[PDB]
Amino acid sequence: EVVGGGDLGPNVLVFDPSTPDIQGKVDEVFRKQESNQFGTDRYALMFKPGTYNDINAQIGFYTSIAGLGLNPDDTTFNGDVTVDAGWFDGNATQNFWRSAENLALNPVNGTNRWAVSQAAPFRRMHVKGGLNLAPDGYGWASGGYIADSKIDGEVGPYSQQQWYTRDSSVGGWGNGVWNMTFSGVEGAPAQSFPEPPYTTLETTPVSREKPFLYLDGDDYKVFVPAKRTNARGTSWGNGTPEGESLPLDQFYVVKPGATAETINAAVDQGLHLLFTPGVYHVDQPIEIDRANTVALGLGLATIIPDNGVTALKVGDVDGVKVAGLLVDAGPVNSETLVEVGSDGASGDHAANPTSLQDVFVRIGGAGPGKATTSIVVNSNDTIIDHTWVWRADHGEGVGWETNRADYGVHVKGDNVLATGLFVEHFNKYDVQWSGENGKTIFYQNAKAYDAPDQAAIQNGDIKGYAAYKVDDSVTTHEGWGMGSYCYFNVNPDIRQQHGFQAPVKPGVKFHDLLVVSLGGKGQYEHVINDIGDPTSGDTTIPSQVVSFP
């Protein structure tokens, strides 16, 4: 039984420098996906190596676009790969669930616009011009994530609240609103927080670039980049990154029809997983318990666990690479949605860690969804490089009970690294860290907006549950460039005692923390523990702590 390789299904639209009506055939997708925030259509747009002209690819919901060279410059657009905000009058605060990878862009007026909020990665791009992250106007925006990219000109966030860039090069960088964090960025502005609120690290401590599909002349393969310790700048500027290249014959090609049983029997049998674009329902976890297994998603491939099961269980193995998957809770509460490693997991994976990359969790919004904890990271050395774990605040099936989700991410492994951590709206602790020697570079949280009252969120004798808690038994932890925002629109008399909670210990340190009330809808009492000013006013002024402790 199981069979690697084959055609990639209807939802992977694959273009070359000759193909007909590329513009009309990219277009059509956009007019279908532009306002389709909670529909089940999914699309991947893939471009063969060469040069494309006259192209302006507006990217809507649940649309990935990428090149199929090894290097960004192998697939060049004279034109744009664009996100803006027309559907929502210029408000970019719901521009979610889309992606761009492995392309070079020569934008038509000199500037590519990528007006995105969360879960909208921009990886391995070469922009031969500037990159604007704001919508036409300077309406609300809440991004964002760039990795492994070279922007020849200026990145211009304008009204973007916050941003994370790693292992990249920019010609310059125009402005900082609340929290612009950089690690391993050539051309980043020097560290300057509080004002302007730039958090700048010379290197990312460990990174490994996300695997991606690409052509060898005409063989579908997947490139699996070689890990980089103390990374700075791009992996591909000096051509060939170290890395090995699985052929697609060694992947099971997931489509509708596939069962959890079938997907499991493939990883078992010795195949990797390529999820083609679609929404998949499963009645038991997808379990990845072979070392070095790549599970790569296309087109915002989405897994929904039925019957309260865990969607994804990774075993206690080295080297697994989960990349490009949206895990969408079912109506029936799952105790966990994603578990990396087993409970009581104990060995190390330093040389060849497991990673989650562009893994997105949603609880609610397309109908009710519920989970107790969304991601449990048990495995030591795991890298979490871009995640958005989101209890819905809008849509259908949202409400304090209707889409209850108490806990977002629980990190129990030791030496876990999060780079680009976005977690929002959980009824209790958005992030909890119980393991040793953890490190987070960039955090973005917003609290739950629908606590019906203060009693709903009493946390023992603390008011509210921290956005980011380090259990007081930890000895060793560090974070950089971290923010928590509140919008208790339902009951704006609520108080949130702090954004962050931790031990007061020599080795449990932070850098550049902030909390923000959005329009005076509730307030924070402090930034971390009992330290830092409360928020005040209705004018959305951040309260900050530069150091801790």
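Numbers for residues come from their place in the sequence shown, where the first is 1. In this text, rigid core is short for the largest set of C-alphas that superpose within 1.5 Å between two forms.
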{"query": "Farther-lying stretch by C-alpha RMS in 7 other deposited structures of this protein (rigid core fit) among 260-268, 234-242", "finding": "234-242"}
{"query": "Greater Cα displacement in 7 other deposited structures of this protein once the core is superposed, comparing 441-449 with 249-257", "finding": "249-257"}
{"query": "Stretch exceeding the other in mean C-alpha B-factor - 381-389, 256-264", "finding": "256-264"}
{"query": "Residue stretch of maximal mean CA temperature factor, 214-222 vs 437-445", "finding": "214-222"}
{"query": "C-alpha B-factor winner, where the candidates are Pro121, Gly143, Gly344, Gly420", "finding": "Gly344"}
{"query": "Criterion, highest CA B-factor; candidates, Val431, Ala323, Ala147, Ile462", "finding": "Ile462"}
{"query": "Chain-wide C-alpha B factor ranking for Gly479, given as lowest, middle or highest third", "finding": "lowest"}
{"query": "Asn56, C-alpha B-factor rank within chain (lowest, middle or highest third)", "finding": "highest"}
{"query": "Modelled-residue ranking by C-alpha temperature factor, third containing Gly365", "finding": "lowest"}
{"query": "Ranked C-alpha temperature factor of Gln496 among modelled chain residues, by third", "finding": "middle"}
{"query": "Third assignment of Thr302 from its chain's C-alpha B-factors", "finding": "lowest"}
